[PDB]
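Sequence lines, in order, name chains A and A'. A prime marks a further copy of an entry chain. Residues in the first sequence are numbered consecutively from 211, following the entry's author numbering. Residues in the second sequence are numbered consecutively from 211, following the entry's author numbering. One structure is given below, encoded as structure tokens.
2 protein chains.
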Amino acid sequence: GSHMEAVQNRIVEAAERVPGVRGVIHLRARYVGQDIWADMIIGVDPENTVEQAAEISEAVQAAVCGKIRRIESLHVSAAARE
Amino acid sequence: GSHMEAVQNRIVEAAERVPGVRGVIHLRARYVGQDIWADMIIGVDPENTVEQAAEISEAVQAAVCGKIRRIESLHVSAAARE
């Protein structure tokens, strides 16, 4: 839906405002009732530690869920991006 | 509607993140089709100039409309608040 594209835009913008995010590589969002469940991959510095990449991913989870209240499940993984 | 309260929450938060805003005193939002038309009053420093208060109001108009894409009309006035 178009309202869905509005939501996906908000998710991408929210994630890209988090320190350490090198773009959103992938985002799949779906409605479960009125709730959004979503899975996303962010880009990170290949020289970040795995621990740092996990910290960024968690920061993205908190930022995105803080800004888009209809999200009730959000998984964030990371991949190296230059 | 409840989705309307979500929109009003987003409007208030967006406005209160603008430098110079001393809360949202009043916000009336209504749907015109799928678009939001809204009228709001912000609080400002009573010692700001009228020109400064107009600048803050314009900054609020741009910030709110930038964050909530469904808004197609937004009027922002200001009043002194301590």
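The C-beta atom is built at its ideal place from N, Cα and C for all residues, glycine as well.
Under 8 Å between C-beta atoms, does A273(A') make it to chain A?
-> As a first step, residue 273(A') is located in the second sequence; it is residue number 63 there, counting from the start. With its beta carbon at least 8 Å from every one in chain A, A273(A') lies outside the interface.
How about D249(A) and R232(A): are their beta carbons less than 8 Å apart?
-> As a first step, residue 249(A) is located in the first sequence; it is residue number 39 there, counting from the start. As a first step, residue 232(A) is located in the first sequence; it is residue number 22 there, counting from the start. The answer is no: Cβ separation not under 8 Å.
Return helix, strand or coil for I221(A), following the three-state DSSP convention.
-> The residue you call residue 221(A) lines up with position 11 of the first sequence. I221(A): helix per DSSP, three-state reduction.
Give a yes or no on whether 8 Å exceeds the smallest Cβ distance from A248(A) to chain A'.
-> On the first sequence, position 38 is the one that residue 248(A) refers to. Chain A', which has no Cβ nearer than 8 Å to the Cβ of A248(A), makes this no.
Give the range of the beta strand (DSSP E) segment to which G276(A) is assigned.
-> Along the first sequence, read from residue 1 onward, the residue named residue 276(A) stands at position 66. Run containing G276(A): none in the beta strand (DSSP E); it sits in the alpha helix (DSSP H), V260 to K277.
Expressed to the nearest angstrom, what Euclidean distance is found between the alpha-carbon atoms of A216(A') and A273(A)?
-> Counting from 1 along the second sequence, the entry for residue 216(A') is found at position 6. Counting from 1 along the first sequence, the entry for residue 273(A) is found at position 63. About 17 Å.
Contacts that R291(A') makes with chain A (C-beta to C-beta distance below 7 Å) | If you number the second sequence from 1, residue 291(A') lands on position 81. The contacting residues do not exist; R291(A') stays about 26 Å from chain A at best.
Anyone know if the C-beta pair for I246(A') and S287(A') falls short of 8 Å?
-> Within the second sequence, residue 246(A') is the residue found at index 36, counting from 1. Within the second sequence, residue 287(A') is the residue found at index 77, counting from 1. No, they are not a contact pair.
Range covered by the beta strand (DSSP E) that runs through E282(A') = The sequence position of residue 282(A') within the second sequence is 72, counting from 1. Under the DSSP assignment, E282(A') falls in the beta strand (DSSP E) whose first and last residues are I281 to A290.
Is the distance from the Cβ of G230(A') to the Cβ of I278(A') below 8 Å?
-> To locate residue 230(A'), count along the second sequence from 1; it is residue 20. To locate residue 278(A'), count along the second sequence from 1; it is residue 68. In this structure, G230(A') sits away from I278(A'), with a CB-CB distance that is not shorter than 8 Å.
Listing by chain order, which chain A residues have their CB less than 8 Å from the CB of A216(A')?
-> For the purposes of this step, residue 216(A') is taken as the residue at position 6 of the second sequence. Within chain A, the residues near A216(A') are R279 and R280.
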